[PDB]
Each structure stands twice: as structure tokens, then as C-alpha cells.
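What follows is a short report on a single structure.
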There are 4 protein chains.
Amino acid sequence: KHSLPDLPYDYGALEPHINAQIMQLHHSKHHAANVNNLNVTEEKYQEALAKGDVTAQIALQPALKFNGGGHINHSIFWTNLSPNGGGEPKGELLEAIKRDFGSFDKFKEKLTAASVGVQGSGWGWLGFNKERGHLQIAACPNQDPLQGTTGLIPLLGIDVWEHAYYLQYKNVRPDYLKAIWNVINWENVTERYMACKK
Amino acid sequence: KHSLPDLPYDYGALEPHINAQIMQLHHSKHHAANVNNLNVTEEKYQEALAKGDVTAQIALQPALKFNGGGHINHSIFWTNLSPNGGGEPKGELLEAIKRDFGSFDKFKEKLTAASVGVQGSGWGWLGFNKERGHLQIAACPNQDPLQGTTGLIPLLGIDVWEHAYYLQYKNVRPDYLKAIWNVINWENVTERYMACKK
Amino acid sequence: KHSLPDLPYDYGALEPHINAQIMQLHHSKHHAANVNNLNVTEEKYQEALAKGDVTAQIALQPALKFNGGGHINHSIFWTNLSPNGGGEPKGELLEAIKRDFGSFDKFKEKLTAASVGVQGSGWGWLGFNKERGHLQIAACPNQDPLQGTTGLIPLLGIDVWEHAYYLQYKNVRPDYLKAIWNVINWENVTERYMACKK
Amino acid sequence: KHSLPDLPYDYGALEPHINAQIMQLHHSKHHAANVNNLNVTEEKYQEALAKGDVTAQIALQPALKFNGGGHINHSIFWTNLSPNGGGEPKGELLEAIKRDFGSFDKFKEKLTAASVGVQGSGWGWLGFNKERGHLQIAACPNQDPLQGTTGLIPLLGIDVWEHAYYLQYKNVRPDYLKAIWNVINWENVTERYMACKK
Ligand SMILES: [Mn+2]
Ligand SMILES: [Mn+2]
Ligand SMILES: [Mn+2]
Ligand SMILES: [Mn+2]
């Protein structure tokens, strides 16, 4: 059964880029609800699967994807942020960003654009395409998780649900995006990247 | 283990409205493939469940919905047809059709139009809305099954995938729809309805 | 050229059910953005259509549906609210609700459930089904408008995008739904209903 | 005014790989219906635009995408096939295929997989990603066209609607895909590729 992970930092640690109330609500209410609903749905799915009830299995798919994807996504998201984050990555990850997007700044432009571009709720991602052996940017709607729906391995996610920024930035999602670069934990993104090449 | 159901009649029994070559391919290849693939997918989902691998669970959803849906939908379809079919229903179902659609012929027009209106692959349905306590027509894409995706109880389904008609009617789906009324098993449709008036 | 309609009341007219900060942001920022983007998208569509550029037309569809949809839906929503609203509708609209949903209370529970049920961004609707001549509840994702995507005529819509409630109710969307019943403009819903007896 | 392009060859020129009955129906019935529905839908769209009728614009989108996409996709497809085709491309296009997919044979495996993988109606594509400056494989549902929905420039498309193969290969879509390699017009695919780097 799934459990809600502790953040790697206190709720106010990402101030002033992401305020404390957002972090507290986002973690203790939104991600919490994902975990609790996922446990409930998984238990129902097992019963349906055991009885061979295919209609029930299919009726449970939206809740499984939404809550299961929210747990996957939020869990990665917390680790992708740090009070000591910002700047640029180094080494092989920086080399690949240059290779695949031209420059770190071009890369930032493209993830920002993919994130700003989500109409409704969703996520922007930097992922790794294992088949092509290179980085790839992708957007996902609602809580659809990157690897389970696209096969890309997630490296850095940007939540652009309104609850991720509205209390502080209101409708101005581009101000949130500008601010979040200040808290990206490139050490974590680097670790995820290197794990794709072993 | 799911199994391919036996048909209630021979492959040639619906001639000349649905030819024998279509019935044999439809049942022994298309539905058979949905059953075989569904069994594999359910096995993989049990393993994913046992591991708490939510990514694997979500990645299996399209195959489960497609092949599970195709098993649900084709199994109902076979029972909805008969060499001894055709004509109009009677009793309570007929009275329900007049109550909700005006007349049997108006109903036929509306289910025809929903079936003709599917762009790409899919199904037209006459269903029962338990909340509203009345009949309802709906169309579904690909193999998305009626009850698992809409909550409606399926009473009569019309497969409008090209494999359901193309060998005989080619591009002219309305000719197929006109023909299929001659083989509807209204006795089955009535049993499904009464089991809704449970 | 589409324009932002004035609200029928001041920004704090719906206190304390929907606060003045939400009303001012919702109207002057969110709906304003829909209007501007719709005007720009329409002009680009016109250009594409004159050149017979089908690719360009299809690339513009997401922006047109989203911003066109947002303009349609927000414009209806302001007219569906009033400082002099709430309670139960008077006249034939209440008789139709009782007929189709059993009672006002059950109707409230069902539209609340459809609105709570939206996963991600979207709208709950009370619509009119002209073909069947009765009321119908439907949910729509993002800004997809009811009539253009389902054919139902909108009577009453509930915006359940997070910007519609988050600053005041945070994650507790059901508290928002409980509150909005106090400001429904049944005179407007009735006008819309009477215009469907057509 | 859009028009139905003549095929570049006779209906029987792709025998035995794609038979004459399929080519004749596919062009004279399927593509032909797309062209007239496109023209009619474009004229309705002009009227809706002139009136500022946003609901009408949104309600016409499914017909515009389906039939405009069908026109785009089928027009490319006829040019992608040749009685003098088959084999492998040469020059820059082959070098890009090796760079991006490993080898021509791995490319064929990957476009076959994408095309086999479509559940329901749709298309497999080799495209060009202009932002990344490299090749990319993608699948599209129904008649959704590649460039208009994904941004990728189409180079080679494989129709896997059942009407593209069923009369000849019945349910065995993999046997159609094996066969079609024998009639790919690599001269045309090369022309399309080189135009991407102008
Ligand atoms: Mn979130
Ligand atoms: Mn079928
Ligand atoms: Mn809104
Ligand atoms: Mn085709």
C-alpha cells in the first residue's frame, strides 16, 4: 500500500519562489488525496481482477490513472526542487542539453513554452527517450504520468495545475515558470539522467 | 481465464444480411484476438499490482480497455443477433421505445444515425440509463465498452468497425445498417431490458 | 470582434459565497484572455481558410475550442449568478427538474456530483436535450462548450476550474459547490429553458 | 476549392502488394468523400466566421479535422507509393535513417511497430522534427493529420484503417505492412525530406 513521502525540505524552504501555503496545501492535501485514493482504487481493482469483472476494471481506469499518476508525478516533483537549487546542471547532463536543445537557455525556453502551453491542467516534462538515447520535452494532461503514457523516463517535471501557483501568481503562469528555475534541484535531475545510461 | 464464447448459430446463419465470411473472421479472428490479448494483459496487471508498480498498471490500460472492451462488446453483439430475428420487439420494451423515442421507426432512425456518425472505428448502442430510468442511445469509440465507460446498461449494440461490414458492403455503411435490422434478436434485447427492470 | 461582456453586478455582489477577488480575476483576467485569444485565433483562421491551408486550420482548432469555449462558457456563467438569486427556481423549470431528477434536492446532488467528478479542469452543466425534450446533466473538460461539443443547450453551468474557487476555498471544491447554490440566478436559467421549448 | 488529385498510376499498378479493388475504392470512394466534405465544411465555416458564431465553429471542428485530415493524409499517401518503388532510399535520407534509427532495417521495425500498434483506425508516420532537426516516428488516430496535430512534417505515411487492407489481407494487418515496403516511393519520400532542410 502506498504512503505519502516527506518533502526533502520544510514547507517554507522555497520562499520566495514558491510560498509556504502552496507547498503545505500541495503536499498535505493534493498529493495526500492522490495517495489515499490510489490505495482505495488499487484495492477495488484487485477485487475486480480476481472476479474477472472487466467492466469494473475499465470503470476504475480514470481513478487509477489520475490518482496513480498524481502520486508518481508529485513524488518526482518534490525531489526536483531544492532550497539550494537553481543555476545550471554540469557534466554529461549539461552536454546533452546542449546537444539536444542547442543551449541551456534554449532548453529553458522550450520547457517553459511546453509548460505555458498546457491548456487546462497538466505537466511539462524533460524526459529521456531510451530508444533514441537522447532528451525529449513533452507535456502531459491532468495527472497522466510521463513514463506510463509516453514511455519517456522523467527527469524534471513542472506542475502547471493552477493549485501549483495560483495562490501566489494568480493567473500569471509565466511568472511562476520564471520563478521555478530558481529552485530546480539539478543534482536530482542529474541523478535521474545518469540512471538512464547505466 | 476468459474464453471465446460459442456463437448461438452457424457462421452462415445470418445470410444474406451478414455474410458467412464476415461472421467467421469477426468471431474466430477479431474476437479471438481480444480474448487472447485480454488474458495476457490481466496476467501482467496482476504482476504489476503485486509489485505496486503504478507506472506498469497505467501503461497496460490501453490494451486492457481495448481488448477487454472488445471482449465485452463482441460477446454482447453475438447474442444481439439471430437467424430467427428481425421485426420489432413487443411488450414493455416496445412500449419503452415508443415512450422514449416516439415510435419504433424513430428509434431506428436515431440508432442508425448514431452508428453512421461514428468517424473511425466504434459502436452504436441502445442502452438503459438506470439513474434516469429510461432508454438512451450513445456511440462509443474503438472498443470502449458502454457500461464501463458511460454507466449505461447495454441492450443492443451495432459494431461499425469496418471489419464488421467491409467485405460485403464496402464503404457503404448505411447499407449494412439497413440490413442488420433483419437479424436483431429482440428476444435477447428484451431479456437485457427486463434485467434492468430487474 | 468579440468583447468581454460587463458583469450584471459588481465584483463583490456575490459575497460571501464567491468573493470579490475571485470575481475580479475571473472576469477581468481569465475571461478577458479568452476574448483576446479568440479574436486573434479567428483572424488567423480566416487567413488560413482563404488560402485553403487545411494544416493551418487544424493546428488552430485547439486554441479556437479553448478560447472560443471559454468565452461561451464564462459569458453564460456570469448571467447564471446573481446577488438576488439562490433558493429554488420558480415556475416550470422546477417542475421539469422534479420530473427529470425526482426532486430539487436530488437534482442538486447530481449536478454537484458531476461538478465534483471533474478530474482536472472543466465544467458541470444542467442542459436541455432538444431531441428528447428533457433536462440532462453533463460534465465538459477544460473549456469545451456544451452546445458545440454535445448538442445540449446550456441552462446552468458550474465552473470547477481551480481558479473559480481556489483563492477562497483552497482544495475543498465541495465547499465551493455548496456555496454557489446561494447565488444561482434562476430567472436566467428559466429564460434559457423557455427558449428551448421551441 | 480543394480537388481530388488523380493517382500517379493506374488502380492496378501496385499489384500484387495492394490490389486494384482497394486502390479504386480507397481513392474514388474514401478520398473522394473527404474532398467534398472538406469543401462543404469550409464553406459552412466561412458563414459561421462571418456571423461570429463560435458554437457553430466548434461544432464543425470534427468534420473539418476528419475530412481535411483525410484529404491531407490520402493525398500524401498516393505519392508515397509507386509501381517503381520498393528497395531503400539513398543519400542524406538514408544517412538520417541510420543516424536516427540505427539502420534501415531497424527503421522498418519501428514504423511497422507504430503502424501495427494503432488500436482502431489511424496512420503510422515517418516525420521530420524541424525543431530538433531529425527524423521522428509517430502514430495518429483516425484521420488526424501529422503536421496539423503534432508539428512534424510528414515524409512517409502508412494507412492502417481497415479499408486500406481488409479486402486483401483481412485481419492480418502485419501481412499488409510487410507487403507495402515493396511499393514505397523512396524518391518522393526523399523529396519531402530534402524540402525540410531547404
Ligand atoms: Mn499538483
Ligand atoms: Mn468487431
Ligand atoms: Mn473560469
Ligand atoms: Mn484511408
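In the C-alpha cells, each chain is lettered A, B, ... as it comes, each chain's residues begin at 1, and ligands are numbered from 1 in order of appearance.
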
Within 10 Å of ligand 3 (only C-alpha atoms and all ligand atoms), residues as a list in words | residues 22, 23, 25, 26, 27, 29, 30, 31, 34, 70, 71, 73, 74, 75, 77, 121, 122, 123, 142, 143, 158, 159, 160, 161, 162, 163, 164 and 165 of chain C

Rows by chain and residue number, chain B within 8 Å of chain C, shortest pair, only C-alpha atoms, as CSV:
residue,atom,partner,partner_atom,distance
B:100,CA,C:132,CA,7.4
B:101,CA,C:132,CA,7.3
B:132,CA,C:100,CA,7.1

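The coordinates place atom CA of residue D:88 at 24.3 Å from atom CA of residue D:172.
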
Pick out each residue of chain C that DSSP on the backbone tags as strand (DSSP E); I need them as a ChimeraX atom specification.
-> /C:122-129,134-141,153-159

How many Å separate atom CA of residue B:17 from atom CA of residue B:179?
-> 5.3 Å

Quick one: DSSP helix (DSSP H, G or I) residues in stretch 4-171 of chain C, as a compact mmCIF listing (two decimals) with N, CA and C atoms, in the first residue's frame?
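Saved file states-v9.txt follows:
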# COMPACT_ATOMS: atom_id res chain seq x y z
N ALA C 20 -14.88 38.77 -3.88
CA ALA C 20 -14.71 39.80 -4.89
C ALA C 20 -13.36 39.59 -5.56
N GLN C 21 -12.39 39.01 -4.86
CA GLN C 21 -11.11 38.85 -5.55
C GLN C 21 -11.22 37.85 -6.68
N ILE C 22 -11.90 36.75 -6.43
CA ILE C 22 -12.12 35.75 -7.48
C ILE C 22 -12.92 36.36 -8.62
N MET C 23 -14.01 37.06 -8.32
CA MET C 23 -14.83 37.62 -9.40
C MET C 23 -14.02 38.57 -10.26
N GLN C 24 -13.22 39.44 -9.63
CA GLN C 24 -12.45 40.38 -10.45
C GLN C 24 -11.38 39.68 -11.29
N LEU C 25 -10.65 38.72 -10.71
CA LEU C 25 -9.65 38.00 -11.52
C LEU C 25 -10.31 37.17 -12.62
N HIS C 26 -11.41 36.50 -12.24
CA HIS C 26 -12.08 35.58 -13.15
C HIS C 26 -12.58 36.28 -14.41
N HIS C 27 -13.18 37.46 -14.18
CA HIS C 27 -13.73 38.22 -15.28
C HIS C 27 -12.68 39.01 -16.01
N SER C 28 -11.93 39.82 -15.25
CA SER C 28 -11.08 40.82 -15.91
C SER C 28 -9.79 40.20 -16.42
N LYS C 29 -9.37 39.01 -15.98
CA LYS C 29 -8.14 38.35 -16.42
C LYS C 29 -8.44 37.08 -17.21
N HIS C 30 -9.18 36.13 -16.61
CA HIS C 30 -9.35 34.87 -17.31
C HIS C 30 -10.27 35.01 -18.53
N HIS C 31 -11.47 35.55 -18.32
CA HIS C 31 -12.37 35.70 -19.46
C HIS C 31 -11.77 36.71 -20.44
N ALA C 32 -11.16 37.80 -19.98
CA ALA C 32 -10.54 38.73 -20.92
C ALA C 32 -9.53 38.02 -21.83
N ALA C 33 -8.75 37.12 -21.25
CA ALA C 33 -7.74 36.42 -22.07
C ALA C 33 -8.43 35.54 -23.10
N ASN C 34 -9.54 34.90 -22.72
CA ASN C 34 -10.28 34.10 -23.70
C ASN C 34 -10.75 34.96 -24.88
N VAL C 35 -11.24 36.16 -24.56
CA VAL C 35 -11.76 37.03 -25.62
C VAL C 35 -10.65 37.45 -26.58
N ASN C 36 -9.52 37.89 -26.02
CA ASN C 36 -8.43 38.33 -26.88
C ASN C 36 -7.93 37.18 -27.72
N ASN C 37 -7.67 36.04 -27.09
CA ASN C 37 -7.14 34.91 -27.87
C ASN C 37 -8.12 34.40 -28.91
N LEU C 38 -9.41 34.47 -28.57
CA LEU C 38 -10.41 34.07 -29.58
C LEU C 38 -10.34 35.02 -30.77
N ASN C 39 -10.29 36.34 -30.56
CA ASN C 39 -10.24 37.28 -31.67
C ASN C 39 -9.01 37.01 -32.53
N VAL C 40 -7.86 36.82 -31.87
CA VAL C 40 -6.66 36.55 -32.66
C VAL C 40 -6.73 35.25 -33.45
N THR C 41 -7.29 34.21 -32.82
CA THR C 41 -7.36 32.89 -33.43
C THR C 41 -8.34 32.91 -34.61
N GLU C 42 -9.46 33.62 -34.42
CA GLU C 42 -10.43 33.73 -35.50
C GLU C 42 -9.82 34.41 -36.71
N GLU C 43 -9.06 35.47 -36.47
CA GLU C 43 -8.46 36.15 -37.62
C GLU C 43 -7.47 35.24 -38.31
N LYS C 44 -6.62 34.56 -37.56
CA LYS C 44 -5.71 33.62 -38.19
C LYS C 44 -6.42 32.50 -38.94
N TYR C 45 -7.57 32.06 -38.43
CA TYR C 45 -8.39 31.02 -39.05
C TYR C 45 -8.89 31.57 -40.38
N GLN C 46 -9.42 32.79 -40.37
CA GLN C 46 -9.88 33.40 -41.61
C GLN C 46 -8.77 33.40 -42.65
N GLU C 47 -7.57 33.77 -42.23
CA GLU C 47 -6.49 33.80 -43.21
C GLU C 47 -6.20 32.44 -43.80
N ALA C 48 -6.17 31.43 -42.91
CA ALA C 48 -5.92 30.08 -43.33
C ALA C 48 -6.99 29.59 -44.28
N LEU C 49 -8.23 29.92 -43.94
CA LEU C 49 -9.37 29.44 -44.73
C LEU C 49 -9.34 30.05 -46.12
N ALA C 50 -8.99 31.33 -46.26
CA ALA C 50 -8.83 31.97 -47.55
C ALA C 50 -7.70 31.37 -48.37
N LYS C 51 -6.67 30.82 -47.73
CA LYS C 51 -5.58 30.22 -48.51
C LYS C 51 -5.79 28.74 -48.81
N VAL C 54 -5.36 23.80 -44.93
CA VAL C 54 -6.05 22.85 -44.07
C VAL C 54 -5.20 22.51 -42.85
N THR C 55 -3.90 22.39 -43.07
CA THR C 55 -3.00 22.12 -41.94
C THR C 55 -3.06 23.24 -40.91
N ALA C 56 -2.97 24.48 -41.38
CA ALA C 56 -3.05 25.65 -40.53
C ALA C 56 -4.42 25.70 -39.84
N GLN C 57 -5.52 25.42 -40.53
CA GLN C 57 -6.82 25.37 -39.90
C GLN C 57 -6.84 24.37 -38.76
N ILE C 58 -6.33 23.16 -39.00
CA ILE C 58 -6.38 22.11 -37.97
C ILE C 58 -5.45 22.47 -36.82
N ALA C 59 -4.28 23.04 -37.12
CA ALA C 59 -3.44 23.48 -35.97
C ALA C 59 -4.09 24.53 -35.09
N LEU C 60 -5.00 25.35 -35.62
CA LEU C 60 -5.65 26.38 -34.80
C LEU C 60 -6.81 25.85 -34.00
N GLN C 61 -7.30 24.64 -34.24
CA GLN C 61 -8.51 24.16 -33.56
C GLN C 61 -8.38 24.13 -32.06
N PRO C 62 -7.29 23.66 -31.48
CA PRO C 62 -7.21 23.70 -30.01
C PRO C 62 -7.39 25.09 -29.40
N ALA C 63 -6.75 26.10 -29.98
CA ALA C 63 -6.87 27.46 -29.45
C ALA C 63 -8.27 27.98 -29.66
N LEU C 64 -8.89 27.63 -30.79
CA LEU C 64 -10.25 28.14 -31.04
C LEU C 64 -11.22 27.47 -30.07
N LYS C 65 -11.16 26.15 -29.91
CA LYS C 65 -12.08 25.48 -28.99
C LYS C 65 -11.85 25.98 -27.57
N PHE C 66 -10.58 26.12 -27.19
CA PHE C 66 -10.33 26.52 -25.79
C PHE C 66 -10.78 27.93 -25.52
N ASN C 67 -10.41 28.87 -26.38
CA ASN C 67 -10.70 30.28 -26.07
C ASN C 67 -12.11 30.63 -26.50
N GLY C 68 -12.56 30.06 -27.61
CA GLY C 68 -13.97 30.22 -28.02
C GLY C 68 -14.88 29.64 -26.94
N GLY C 69 -14.55 28.45 -26.47
CA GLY C 69 -15.25 27.75 -25.44
C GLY C 69 -15.24 28.55 -24.17
N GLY C 70 -14.05 29.09 -23.85
CA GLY C 70 -14.01 29.89 -22.62
C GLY C 70 -14.88 31.12 -22.67
N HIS C 71 -14.90 31.79 -23.83
CA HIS C 71 -15.79 32.95 -23.99
C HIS C 71 -17.24 32.54 -23.88
N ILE C 72 -17.67 31.45 -24.55
CA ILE C 72 -19.06 30.99 -24.45
C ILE C 72 -19.41 30.68 -23.01
N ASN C 73 -18.55 29.89 -22.35
CA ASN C 73 -18.90 29.37 -21.04
C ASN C 73 -18.89 30.46 -19.97
N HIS C 74 -17.83 31.28 -19.98
CA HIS C 74 -17.81 32.37 -18.98
C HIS C 74 -18.97 33.31 -19.19
N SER C 75 -19.33 33.62 -20.42
CA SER C 75 -20.42 34.57 -20.67
C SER C 75 -21.72 34.05 -20.10
N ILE C 76 -21.98 32.75 -20.30
CA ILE C 76 -23.17 32.16 -19.70
C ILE C 76 -23.09 32.18 -18.19
N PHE C 77 -21.92 31.79 -17.65
CA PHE C 77 -21.75 31.70 -16.18
C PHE C 77 -22.08 33.01 -15.49
N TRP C 78 -21.63 34.16 -16.00
CA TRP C 78 -21.94 35.42 -15.26
C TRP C 78 -23.45 35.64 -15.19
N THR C 79 -24.14 35.30 -16.28
CA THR C 79 -25.58 35.50 -16.31
C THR C 79 -26.33 34.48 -15.45
N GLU C 92 -42.07 26.63 -14.25
CA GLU C 92 -41.96 25.34 -14.92
C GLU C 92 -40.59 24.71 -14.81
N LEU C 93 -39.54 25.52 -14.66
CA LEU C 93 -38.20 24.91 -14.53
C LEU C 93 -38.17 23.96 -13.34
N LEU C 94 -38.82 24.33 -12.21
CA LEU C 94 -38.80 23.42 -11.07
C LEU C 94 -39.60 22.16 -11.38
N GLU C 95 -40.72 22.34 -12.12
CA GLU C 95 -41.49 21.12 -12.46
C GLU C 95 -40.70 20.20 -13.37
N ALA C 96 -39.95 20.75 -14.32
CA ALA C 96 -39.09 19.91 -15.16
C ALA C 96 -38.00 19.24 -14.35
N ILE C 97 -37.39 19.93 -13.40
CA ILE C 97 -36.37 19.29 -12.53
C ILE C 97 -36.96 18.17 -11.73
N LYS C 98 -38.16 18.36 -11.18
CA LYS C 98 -38.76 17.25 -10.44
C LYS C 98 -39.06 16.04 -11.32
N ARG C 99 -39.56 16.32 -12.51
CA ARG C 99 -39.89 15.27 -13.48
C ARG C 99 -38.62 14.49 -13.83
N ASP C 100 -37.53 15.22 -14.08
CA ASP C 100 -36.38 14.53 -14.69
C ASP C 100 -35.39 13.99 -13.68
N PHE C 101 -35.41 14.55 -12.47
CA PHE C 101 -34.43 14.18 -11.45
C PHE C 101 -35.12 13.75 -10.16
N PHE C 104 -35.90 18.63 -6.40
CA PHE C 104 -34.82 19.63 -6.45
C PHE C 104 -33.58 19.13 -5.72
N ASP C 105 -33.79 18.52 -4.57
CA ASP C 105 -32.64 18.05 -3.79
C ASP C 105 -31.85 17.01 -4.57
N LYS C 106 -32.56 16.14 -5.29
CA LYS C 106 -31.78 15.11 -5.99
C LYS C 106 -31.02 15.70 -7.16
N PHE C 107 -31.65 16.71 -7.78
CA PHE C 107 -31.00 17.41 -8.89
C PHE C 107 -29.74 18.09 -8.40
N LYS C 108 -29.83 18.73 -7.23
CA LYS C 108 -28.65 19.38 -6.68
C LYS C 108 -27.54 18.37 -6.43
N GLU C 109 -27.91 17.22 -5.86
CA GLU C 109 -26.91 16.19 -5.61
C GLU C 109 -26.24 15.71 -6.90
N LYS C 110 -27.01 15.58 -7.99
CA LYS C 110 -26.46 15.09 -9.24
C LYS C 110 -25.61 16.12 -9.94
N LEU C 111 -26.01 17.40 -9.92
CA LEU C 111 -25.15 18.39 -10.57
C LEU C 111 -23.93 18.61 -9.69
N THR C 112 -24.12 18.57 -8.37
CA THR C 112 -22.91 18.63 -7.52
C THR C 112 -21.94 17.48 -7.82
N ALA C 113 -22.46 16.24 -7.94
CA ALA C 113 -21.62 15.07 -8.22
C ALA C 113 -20.93 15.21 -9.58
N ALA C 114 -21.64 15.73 -10.59
CA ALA C 114 -20.98 15.88 -11.89
C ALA C 114 -19.85 16.90 -11.83
N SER C 115 -20.08 17.95 -11.05
CA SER C 115 -19.09 19.02 -10.92
C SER C 115 -17.91 18.59 -10.08
N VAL C 116 -18.19 17.88 -8.96
CA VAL C 116 -17.09 17.36 -8.13
C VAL C 116 -16.27 16.32 -8.89
N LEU C 146 -20.66 23.37 -24.04
CA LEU C 146 -21.67 22.31 -24.03
C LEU C 146 -22.32 22.15 -25.40
N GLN C 147 -22.84 23.23 -25.96
CA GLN C 147 -23.66 23.02 -27.17
C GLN C 147 -22.78 22.59 -28.33
N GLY C 148 -21.66 23.29 -28.50
CA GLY C 148 -20.80 22.96 -29.65
C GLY C 148 -20.18 21.59 -29.57
N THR C 149 -20.10 20.97 -28.38
CA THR C 149 -19.45 19.66 -28.35
C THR C 149 -20.44 18.54 -28.07
N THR C 150 -21.61 18.84 -27.51
CA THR C 150 -22.56 17.79 -27.16
C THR C 150 -23.96 18.00 -27.77
N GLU C 162 -9.80 25.30 -11.03
CA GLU C 162 -9.35 25.77 -9.71
C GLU C 162 -9.41 27.28 -9.60
N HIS C 163 -9.17 28.04 -10.69
CA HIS C 163 -9.27 29.50 -10.48
C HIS C 163 -10.65 29.98 -10.10
N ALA C 164 -11.66 29.16 -10.31
CA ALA C 164 -13.03 29.56 -9.94
C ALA C 164 -13.23 29.54 -8.44
N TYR C 166 -10.23 28.52 -5.87
CA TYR C 166 -9.09 28.17 -5.02
C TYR C 166 -8.68 29.26 -4.05
N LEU C 167 -8.74 30.52 -4.45
CA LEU C 167 -8.27 31.55 -3.52
C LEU C 167 -9.11 31.57 -2.26
N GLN C 168 -10.36 31.13 -2.37
CA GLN C 168 -11.25 31.24 -1.21
C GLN C 168 -11.44 29.91 -0.48
N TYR C 169 -11.62 28.83 -1.23
CA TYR C 169 -11.95 27.50 -0.74
C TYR C 169 -10.79 26.52 -0.81

Skipping near chain neighbours, those fewer than 4 positions away, what residues fall within 6 Å of residue B:126 using only C-alpha atoms, listed as a list in words?
-> residues 136, 137, 155 and 156 of chain B

I need the chosen residues saved as a compact mmCIF listing (two decimals), in the first residue's frame, with N, CA, C and O atoms.
# COMPACT_ATOMS: atom_id res chain seq x y z
N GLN B 136 -31.61 5.15 -23.65
CA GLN B 136 -30.64 6.16 -24.10
C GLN B 136 -29.79 5.58 -25.21
O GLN B 136 -29.25 4.48 -25.14
N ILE B 137 -29.62 6.32 -26.30
CA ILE B 137 -28.67 5.96 -27.36
C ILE B 137 -27.34 6.70 -27.12
O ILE B 137 -27.30 7.88 -26.76
N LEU B 155 -28.11 -2.70 -24.18
CA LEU B 155 -29.20 -3.57 -24.60
C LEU B 155 -29.01 -4.09 -26.01
O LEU B 155 -29.19 -5.30 -26.26
N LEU B 156 -28.65 -3.21 -26.93
CA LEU B 156 -28.41 -3.56 -28.32
C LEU B 156 -27.21 -2.79 -28.85
O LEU B 156 -27.19 -1.55 -28.74

For ligand 4, the nearest of the candidates D:192, D:145, D:135, D:13, counting only C-alpha atoms and all ligand atoms = D:145

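Across D:87, D:8, D:120, D:174, the tightest approach to ligand 2 is made by D:120 when counting only C-alpha atoms and all ligand atoms.
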
Nearest to residue A:12, restricted to only C-alpha atoms and choosing among A:185, A:82, A:119, A:103, comes out as A:82

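We find atom CA of residue B:139 and atom CA of residue B:117 to be spaced 8.2 Å apart.
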
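For the choices D:196, D:118, D:7, D:81, the atom-to-atom distance to residue D:184 is smallest for D:81 when using only C-alpha atoms.
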
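Take the candidates B:80, B:171, B:186, B:18 and check each one against ligand 4 using only C-alpha atoms and all ligand atoms; the shortest distance goes to B:171.
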